[PDB]
Amino acid sequence: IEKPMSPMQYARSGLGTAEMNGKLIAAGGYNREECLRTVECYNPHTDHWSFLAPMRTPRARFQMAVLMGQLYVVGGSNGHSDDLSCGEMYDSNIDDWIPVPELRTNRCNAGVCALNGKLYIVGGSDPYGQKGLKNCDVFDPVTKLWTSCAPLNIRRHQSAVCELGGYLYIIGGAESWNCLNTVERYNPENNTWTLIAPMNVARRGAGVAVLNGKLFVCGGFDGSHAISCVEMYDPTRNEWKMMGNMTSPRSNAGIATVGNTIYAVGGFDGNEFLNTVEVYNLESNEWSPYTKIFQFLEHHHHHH
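Residues numbered from 1 in each chain as written, not as in the entry; some residues may be left out. Heavy atoms only, no water. Residues with missing side-chain atoms left out of burial classes, pairs and counts.

Method-wise, the PDB entry is recorded as coming from X-ray crystallography, at a reported resolution of 2.6000 Å.

Structure representation (C-alpha cells):
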C-alpha cells in the first residue's frame with residue numbers, strides 16, 4: 001500500500017530533467033565514477049524506472065528544455081577530451097535522438113529554456129572557466145536561425161531557469177566562486193532583464209519547478225553546504241517564502257513538475273552522488289521519498 005520510491009539505477013548530478021507523457025525524465029549527468037549518456041525514465045503509476053534511447057555521447061553540466069512537445073539538450077561536457085557536442089532532439093514517438101547540428105557548442109551550465117516557440121540559452125561558461133557569462137542567445141528550431149538577445153545584468157552559471165507567465169526567470173547561480181541570491185526576469189516584449197526580489201538563500205546548482213503559477217526553487221549550494229531548503233516565489237506579490245525542506249540535501253539535482261507533483265531526483269549531498277528520488281506535497285508542505293502503491297485486481301500491484 002505504501003513504499004519508498006524506487007531510486008535511479010545510476011547516481012546522477014549535473015543531469016537534465018523534464019516531464020513528458022506524465023513521466024519524469026533524467027538524462028545524463030555524472031558521478032565519482034563516470035559521465036553518463038543513458039536516459040532514465042520514472043513511471044509514477046508503476047514505480048519503475050526504465051531506459052529511453054541513450055544520447056549520442058555522454059553529457060553533464062547541461063540543461064534540458066521542452067519545446068513544442070519535444071526535448072532539446074544543449075551544451076555539456078564529457079571525459080572524452082572533446083569540447084564539441086552536437087545538440088540533440090528527442091522524438092518521443094520514435095524513441096530516438098535526432099542531431100541538431102546548429103546547437104553544437106561547448107557551453108556548460110547554461111540555462112536552457114523554451115518560450116514562445118523559441119529556445120533560450122542563458123549564462124553558462126566555457127567548460128573550464130569559473131567566471132560566468134552574461135550572454136543570451138535565442139534559437140528558432142523551426143527556422144534554425146539564431147537571434148540576438150539582451151545580456152544578463154550579472155554574469156552567472158549553474159543558474160536555475162524557467163518560464164512562467166510569458167517571462168523567463170534566471171535564478172541564482174555563481175559568479176566565479178560567489179553564489180548568488182539575485183534573480184533576473186526577462187521580458188521578450190521589450191528585450192530587457194530586470195532584477196527582482198532576491199532569494200533568502202544564495203544558491204548555485206539549484207533546481208526549479210513551476211506549479212500553481214509559482215516558482216519552487218529547491219536545493220543547490222550556498223557556499224558552505226549542499227542544502228535542502230525550498231523557497232517559493234509568488235509573481236503577483238513579488239516575494240519569496242521558505243517552504244518545507246527536502247528529505248535529502250541536493251545540489252545540481254533534477255527538479256521538475258510531473259503532473260501536479262514536484263519531483264526531486266539525484267544530485268550531490270556534499271559527500272556522495274545521489275540516485276534517490278522524492279516528491280513534494282503542496283497542501284501539507286512536506287517532502288517524502290515514499291509513494292503509495294497502485295493495486296488493481298484485489299491486492300495485485302506492479303511489484304508482484
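Now that the structure has been shown, we can carry on.
1. Here's the deal with the pairing of strand β7 (residues 71-74)
So the rule is basically this: Three labels apply to residues, based on accessible area from a 1.4 Å probe with only protein chains included: buried if under 20% of the type maximum, exposed if over 50%, partly exposed otherwise in between. To qualify as a helix, a DSSP run of H or I must reach at least 4 residues; to qualify as a strand, a run of E must reach at least 2; elements of each kind are numbered from the N terminus. Here, a strand pair is defined by DSSP locating no fewer than two bridges between the strands.
Here β7 shows a buried face lined by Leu-71 and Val-73 and a second buried face lined by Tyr-72 and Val-74. Hairpin connection, strand β6 (residues 63-66) to β7: the antiparallel pair is bridged by 4 residues, and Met-68 has positive phi, about 55°. Pairing geometry for β7 and strand β8 (residues 85-91), over 3 bridges, is antiparallel. Paired with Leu-71 across the bridge in β8 is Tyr-90.

2. Looking at the packing of aromatic side chains
Put simply, the rule is: What counts as a ring pair is set by centres within 6.5 Å for rings of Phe, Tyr and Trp (its six-membered ring), and what kind of pair is set by the plane angle: stacked under 30 degrees, edge-to-face over 60, tilted for all other angles. Look at NZ for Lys and CZ for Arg. If either is within 6 Å of the ring centre and within 35 degrees of the ring normal, a charge sits over the ring.
Counted under the stated rule, the structure contains 14 aromatic pairs. Seen in terms of ring centroids, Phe-216 and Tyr-280 are 5.6 Å apart; in terms of plane orientation they differ by 45°. Their pairing is tilted. Of this pair, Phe-216 sits in strand β19 (residues 214-218) while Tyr-280 sits in strand β24 (residues 277-281), and the two are 64 residues apart along the sequence. Here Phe-216 falls in the buried class, since its relative accessible area comes to 1%. Of the residues examined, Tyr-280 reaches a relative accessible area of 4% and is grouped as buried. Taken together, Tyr-30, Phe-268 and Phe-273 form an aromatic cluster joined through their ring pairs. Seen from the ring of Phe-62, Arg-59 lies directly overhead, with NZ or CZ sitting 6.0 Å from the centre. The residue whose ring lies beneath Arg-185 is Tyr-167, and the NZ or CZ to ring-centre distance is 5.4 Å.

3. A look at the sheet that holds strand β16 (residues 178-187)
The line we're drawing: Whenever a helix is involved, its axis is fitted only over the stretch in contact; in every case the axis is a line through C-alpha atoms, and angles between N-to-C directions fall within 0 to 180 degrees.
Read across the sheet, 4 strands follow the order β14-β15-β16-β17 without closing on themselves; strand pairing throughout is antiparallel. Taken across any chain shown, the strands that pair with only one partner, and hence form the sheet edges, are β14 (160-164) and β17 (192-196). Between one strand axis and the next, the sheet turns through 25° on average, direction left out of account. Looking at chain direction, β14 and strand β15 (residues 167-175) are connected through 5 bridges and run antiparallel.

4. Description of the UniProt feature "repeat: Kelch" in the protein chain
Operational definition: UniProt positions are given in the numbering used here, feature names are shortened, and annotations may be inferred rather than shown by experiment.
Summarizing the sequence annotation, UniProt attributes the feature "repeat: Kelch" to residues 38-75, 86-123, 135-172, 181-219, 229-266 and 276-296 in the numbering used throughout. In the segment residues 135-172, helix accounts for 0% and strand for 53%; the C-alpha atoms at its two ends are 16 Å apart. Annotated as residues 276-296, this span is 0% helix and 48% strand, and its ends, taken at the C-alpha atoms, are 26 Å apart.

5. A few points about unusual backbone geometry
A positive phi angle, near 60°, is found at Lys-144, a position not held by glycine. Mapped onto the fold, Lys-144 is located in the loop between β12 (136-140) and β13 (145-148). For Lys-144, a relative accessible area of 45% gives the class partly exposed. You will see that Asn-212, though not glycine, has its phi angle at about 60°, which is positive.

6. Some details on the sheet that holds β7
Reading across from one edge, β6-β7-β8-β9 is the order of the 4 strands in this open sheet, with antiparallel pairing throughout. In this open sheet, the two strands that pair with only one neighbour each are β6 and β9 (96-105). The mean angle between the axes of side-by-side strands here comes to 25°, regardless of whether they run parallel or antiparallel.

7. Some remarks on the state of the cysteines
As a reminder, the rule being used: Throughout, disulfides are identified as pairs of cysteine sulfur atoms within 2.5 Å of each other.
As enumerated under the stated definition, the model contains 0 disulfides in all. The structure places no disulfide on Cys-162, whose sulfur is separated from the nearest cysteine sulfur, that of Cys-113, by 6.5 Å. With no disulfide of its own, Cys-179 has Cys-229 as its nearest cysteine by sulfur position, at a separation of 13 Å.

8. A few points about the pairing of β6
With 4 bridges connecting them, β6 and β7 associate as antiparallel partners. Following the sheet pairing, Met-64 is matched in β7 by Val-73.

9. Quick notes on the pattern of salt bridges
For clarity, the threshold we go by: Criterion for a salt bridge: a side-chain nitrogen of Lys or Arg within 4 Å of a carboxyl oxygen of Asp or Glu.
Enumeration according to the criterion identifies 11 salt bridges in this entry. Between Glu-88 and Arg-59 there is a salt bridge, and its shortest N-O distance comes to 2.9 Å. Remark: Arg-59 occurs in the loop between β5 (48-52) and β6 and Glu-88 occurs in strand β8; sequence separation between them is 29 residues. Taken individually, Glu-88 and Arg-59 each receive the classification buried, so the pair is uniform in this respect. With a shortest N-O distance of 2.9 Å, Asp-137 and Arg-107 are connected by a salt bridge. On the criterion of sequence distance, the pair formed by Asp-137 in strand β12 and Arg-107 in the loop between β9 and β10 (111-115) is long-range, its members being 30 residues apart. Overall, the relative accessible area of 27% leaves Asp-137 in the partly exposed class. Relative accessible area serves as the criterion here: at 16%, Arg-107 is assigned to the buried category. Overlapping salt bridges bring together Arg-56, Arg-59 and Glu-88 as one network.

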